[PDB]
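Engineer: Dropping the structure in here first, questions after.
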Amino acid sequence: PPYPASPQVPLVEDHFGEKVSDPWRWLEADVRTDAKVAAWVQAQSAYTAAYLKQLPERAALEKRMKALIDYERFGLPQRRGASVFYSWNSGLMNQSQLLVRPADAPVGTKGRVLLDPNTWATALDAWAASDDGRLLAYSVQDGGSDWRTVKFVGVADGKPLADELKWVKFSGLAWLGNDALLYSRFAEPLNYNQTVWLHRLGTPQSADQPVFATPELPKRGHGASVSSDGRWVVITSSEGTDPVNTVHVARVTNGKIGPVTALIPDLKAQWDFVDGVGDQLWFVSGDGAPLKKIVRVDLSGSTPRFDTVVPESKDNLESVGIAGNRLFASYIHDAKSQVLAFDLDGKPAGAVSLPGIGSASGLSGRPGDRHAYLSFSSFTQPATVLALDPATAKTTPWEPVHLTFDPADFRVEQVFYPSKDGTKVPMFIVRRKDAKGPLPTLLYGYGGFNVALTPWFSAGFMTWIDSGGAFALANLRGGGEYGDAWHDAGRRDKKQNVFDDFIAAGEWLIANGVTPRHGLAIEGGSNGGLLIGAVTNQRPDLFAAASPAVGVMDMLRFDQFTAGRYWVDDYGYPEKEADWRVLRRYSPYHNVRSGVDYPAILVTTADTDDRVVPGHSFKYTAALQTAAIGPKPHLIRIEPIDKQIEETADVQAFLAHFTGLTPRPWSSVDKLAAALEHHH
């Protein structure tokens with residue numbers, strides 16, 4: 001049916017000797033105060049909703065996505081004494097509970113509820129079990145205050161102790177053995193003069209002992225940790241969001257904290273404390289190492305000795321933990337996690353075996369303990385705790401998690417493909433194990449602002465994959481996957497490289513049998529919506545369908561709105577001639593090409609948006625609907641978890657319809673059952 005009207009107010013301006021037409025500038029006005037925009041929004045929204053309600057793929061997609069949202073989650077466990085402590089959510093609870101059970105209880109034994117914050121406006125922030133596991137300290141936030149109250153519970157019976165610590169803020173919780181706790185606090189009244197104190201259990205807070213302050217440095221913050229064997233206090237101090245810190249240490253002898261001395265006295269680099277064993281401490285250091293390194297500090301001598309036990313590599317070092325007798329170092333290796341193991345002195349001990357390609361978050365475990373744990377997630381694996389045997393560097397399943405699918409029924413693959421200029425770009429391809437040929441494919445990208453698109457679990461993407469579609473994600477230049485050079489290679493005058501990389505991804509998938517010639521759909525949001533708009537103008541023949549969300553579509557005027565002036569660092573400056581010419585070559589709103597058949601396009605945005613003003617999407621839609629670009633629908637869907645499910649179902653039904661995807665279930669369980677029926 002014919003599109004709703006998009007009246008033009010003719011307007012042509014001179015910019016750098018060129019004429020620029022902008023007939024829909026009126027669509028930049030706020031929908032809340034401009035009748036003309038409100039009327040257009042109401043008409044387009046109703047027009048799109050009427051079309052989308054007709055797509056027969058929608059029902060099955062909405063049902064799949066709803067079923068994927070809510071599931072149980074386990075936190076990384078902490079073993080102390082006779083007990084193991086871990087958070088658990090059923091999938092339904094506003095806050096996780098803290099559970100505890102005997103350390104030797106079988107995996108899968110229901111834990112005892114130690115804290116249930118849902119029965120308390122009052123949130124559990126942090127918790128720490130004592131060294132022997134008999135007491136638990138926890139931090140409580142009332143409302144949205146930055147202040148905390150630290151409270152304690154006895155673990156055996158789950159009953160509160162009397163002790164409460166007030167005026168705690170921006171603090172750790174660190175036990176000094178079994179009956180004292182280091183914490184940071186401020187004066188009972190401005191975040192000045194934060195101080196580290198020691199609380200002894202069974203005494204009032206007024207009996208607490210001061211441990212560390214910097215009385216000539218009022219803006220300096222201080223957090224305290226204790227090595228796992230209780231031998232060293234380590235105080236990390238910083239000021240003002242630069243990722244650098246000082247380090248002070250104090251020897252603990254017979255429960256008593258010795259003099260606090262400066263180990264790294266100046267604010268020059270990142271020094272993140274890992275743990276200590278004996279009189280050796282390990283840190284992740286940024287000193288002379290943008291991608292970080294591991295430094296061992298030996299304090300047994302009269303002067304600290306620094307040894308780099310794992311030097312800076314080619315890969316970014318994200319985090320390090322110690323477990324068993326080893327260091328476990330989580331790196332970003334070709335846009336995904338590689339966890340390497342080392343002896344404490346740096347000797348390589350190989351890579352940790354992971355279930356497949358994905359992202360590793362934290363590690364839990366202790367020196368001398370044979371049970372360690374690693375958090376893992378990927379496109380077909382919601383974040384899960386794996387058991388890690390630190391002596392063999394092998395992961396295995398820990399607690400079973402009930403999901404509506406089996407992660408082993410899917411495969412994440414990674415390829416590296418040449419862009420126009422020969423640059424090898426990584427791409428992930430994710431498919432259910434019934435895929436035995438070309439499939440309708442959803443290709444996602446962002447490509448900007450140093451954003452690294454490492455694997456994560458998206459319920460929306462999983463809906464597509466578990467409906468029989470292929471998913472692909474390209475780690476385009478402009479991102480942070482290979483650091484600052486990668487970012488610089490896709491911004492400013494080189495922004496077009498991002499678009500070439502993405503077009504080459506699309507070509508590769510077709511050429512290499514992942515996707516049919518007419519079965520490629522593309523999606524992206526914000527800077528990723530610009531990506532979609534730009535490649536749609538340049539190669540409309542490559543894509544069956546496209547959905548730009550909240551896209552920056554007018555690249556000549558992006559800095560005229562709210563927040564968009566901050567984006568000049570990647571996009572350049574429209575007031576500058578040379579930067580303007582670069583922008584004019586790809587601004588999606590200014591590059592719609594009549595006479596050429598465009599893909600089906602579903603633009604999405606809310607009717608107000610502080611980050612990317614909706615006017616970008618509104619004017620871009622008016623341009624597409626006005627242009628002579630063939631018969632496929634060029635539509636705008638104009639809008640909490642409930643809203644996101646509806647949007648995802650609409651978008652995916654649209655993309656499925658235009659790529660030939662018929663949503664179908666499959667599982668290896670059902671394949672086996674089908675195979676066995678024949679033998680009767």
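Residues in the structure tokens are named by chain (A, B, ... in the order shown) and by number from 1 within that chain; ligands are numbered from 1 in the order shown.
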Quick one: residues within 10 Å of residue 1 in chain A, only C-alpha atoms, excluding same-chain residues fewer than 4 positions away - as a ChimeraX atom specification?

Structural biologist: /A:47,51,633

Engineer: Near residue 15 in chain A, within 10 Å and counting only C-alpha atoms, which residues show up once chain neighbours fewer than 3 positions away are dropped, as a list in words?

Structural biologist: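 Contacts, with the query itself left out: residues 12, 18, 19, 20, 574, 575, 577, 580 and 581 of chain A.
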
Engineer: Which of these residues is nearest to residue 156 in chain A, using only C-alpha atoms: A:82, A:207, A:128, A:174?

Structural biologist: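 Answer, going by the shortest atom-to-atom distance: A:82.
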
Engineer: Identify, on the basis of only C-alpha atoms, every residue whose closest approach to range 53-66 of chain A does not exceed 10 Å; exclude the query and any residue fewer than 3 positions from it along the same chain; express the result as a ChimeraX atom specification.

Structural biologist: /A:48-50,69-70,404,459-464,466-467,641-642,644-657,661-665

Engineer: I need the strand (DSSP E) residues of range 294-543 of chain A per DSSP on the backbone, written as a PyMOL selection string.

Structural biologist: chain A and resi 294-298+305-310+316-323+326-333+336-343+348-351+359-364+372-378+381-389+394-397+410-418+424-432+441-444+470-474+520-525

Engineer: Using only C-alpha atoms, which of A:612, A:150, A:503, A:39 sits nearest residue 525 in chain A?

Structural biologist: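 Answer, going by the shortest atom-to-atom distance: A:612.
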
Engineer: What's the separation between CA of residue 507 in chain A and CA of residue 477 in chain A, in Å to one decimal place?

Structural biologist: 16.8 Å

Engineer: Can you tell me how far CA of residue 616 in chain A sits from CA of residue 524 in chain A, in Å to one decimal?

Structural biologist: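 Straight-line distance from CA of residue 616 in chain A to CA of residue 524 in chain A works out to 14.8 Å.
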
Engineer: In Å, rounded to a single decimal, give me how far CA of residue 406 in chain A is from CA of residue 85 in chain A.

Structural biologist: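 Going from CA of residue 85 in chain A over to CA of residue 406 in chain A, I get 26.7 Å.
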
Engineer: List the neighbours of residue 279 in chain A out to 8 Å using only C-alpha atoms; skip same-chain residues closer than 6 positions along the sequence, and give me the result as a ChimeraX atom specification.

Structural biologist: /A:231-232,298-300
